[PDB]
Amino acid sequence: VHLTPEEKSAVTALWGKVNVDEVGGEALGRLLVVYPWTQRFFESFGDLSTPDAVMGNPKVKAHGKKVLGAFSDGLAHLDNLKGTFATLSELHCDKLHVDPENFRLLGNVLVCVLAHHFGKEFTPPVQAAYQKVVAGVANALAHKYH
């Protein structure tokens, strides 16, 4: 994940004003709602049989924040995303066996969440840059599978 100084300014000015408590949870919820097969991994979270169940679940908004936590790490370390994610990769790959395709999905719904909370500030330049990072973190989590 290369990112020029312009892309970097773009991704970083953005991420700075992200409510780190909500955005994390809204992405997991929209993932669970939009791609409902991912719920097989989250039945221990409780009642998910409507979007309102899901969007309200305490477990959901609690696990999303962890998720964003890790994205913040990778934003910190683009030059070494494997390094950053190695532990996370064994988890999702060697232990959970999540299909890497769902890593791409979670990134793309994180991108929608971003466009939703930021409106016209989330120009197409800044999307382009953000698709990079998201591709890159999906690429890293997926390492142990490679």
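Basically, rigid core = biggest C-alpha set you can superpose within 1.5 Å across the two forms. From 1 onward, residues are counted along the sequence shown.
Exercise. Relative to the presented form, and with the rigid core used for superposition, do the C-alpha atoms of 49 to 57 or of 96 to 104 deviate more in 5 other deposited structures of this protein?
Worked result: The more displaced stretch in 5 other deposited structures of this protein turns out to be 96 to 104.
For this session: Report the stretch with the higher root mean square CA deviation, pooled over structures and residues in 5 other deposited structures of this protein, choosing between 87 to 95 and 31 to 39 after a rigid core fit.
Result: After superposing on the rigid core, the more displaced stretch in 5 other deposited structures of this protein is 87 to 95.
Exercise. As stated in the PDB record, which stretch has the larger average Cα B-factor, 92 to 100 or 108 to 116?
Worked result: Higher mean C-alpha B-factor: 92 to 100.
For this session: Please work out which of 128 to 136 and 15 to 23 has the higher mean CA B-factor as recorded in the PDB entry.
Result: Per the PDB record, 15 to 23.
Exercise. From 81, 54, 67, 31, can you pick the one with the highest C-alpha B factor in the entry?
Worked result: By C-alpha B-factor in the record, 81 ranks first.
Problem set entry | Modelled-residue ranking by C-alpha temperature factor, third containing residue 38 | Answer is lowest: the recorded C-alpha B-factor places it there.
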